[PDB]
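Just so we're aligned: 99 in PDB author numbering is position 58 of the sequence shown, and the numbers increase by one with no gaps anywhere. Idealized CB from N, CA, C, for every residue including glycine. One structure below.
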Amino acid sequence: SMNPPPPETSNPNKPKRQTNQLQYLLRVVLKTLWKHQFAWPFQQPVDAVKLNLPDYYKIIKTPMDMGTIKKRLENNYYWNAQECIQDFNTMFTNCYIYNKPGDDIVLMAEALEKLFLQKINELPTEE
Ligand SMILES: Cc1cc(-c2nc(Cl)cn2CC2CCOCC2)cn(C)c1=O
């Protein structure tokens, strides 16, 4: 099998803006999730070849991961905060689609997802 190319992270033709929400998403939400003990399986795309998961990208057609989200924020890929939040949600959902209740990775996703909701809770207001 093969991995797909990673999701796009920097589009120089898209318009760019810096908002308090986008800065919060990178410096508070992402950063705190990134440094969690269980972040490491979510910091880059699932390498289905190295992990020997030949069905991964047969089942998961909208892959996402925190490495991609990080790069997207750093490169102003997101205009709206909701695009970023959607990517996080996609990342977690993928995990629950592919994996079984009680799997280590599922428990790790639950931890990160709880912490995510804690942090988005205090997201600054929209301009
Ligand atoms: C199926 C799958 C694998 C991995 C993944 N990335 C790395 Cl690096 C290692 N692993 C697999 C182990 C991670 C620690 O728990 C045990 C499985 C990540 N995600 C989100 C998945 O859905």
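query                                                                                                    : result
Alpha-carbon to alpha-carbon, residue 106 and residue 22                                                 : For the chain, the structure presents residues 42 to 168; residue 22 sits outside this window and is missing.
Per-residue burial, residue 100 [other beta carbons within 10 Å of its own, 16 or more giving buried]    : exposed
Where residue 58 falls: helix, strand or coil (DSSP)                                                     : coil
Residue 71 beta carbon less than 7 Å from that of residue 111                                            : yes
Residue 125 beta carbon near ligand 1 (any heavy atom closer than 6 Å)                                   : no
Nearest to residue 93 (by Cα), restricted to the options 121, 44, 108                                    : 44
Touch test, the segment 57-69 against the segment 116-130, Cβ-Cβ under 8 Å, three pairs minimum          : yes
Neighbourhood of residue 84 by C-beta, 6 Å cutoff - its chain only, sequence neighbours within 5 removed : 107, 108
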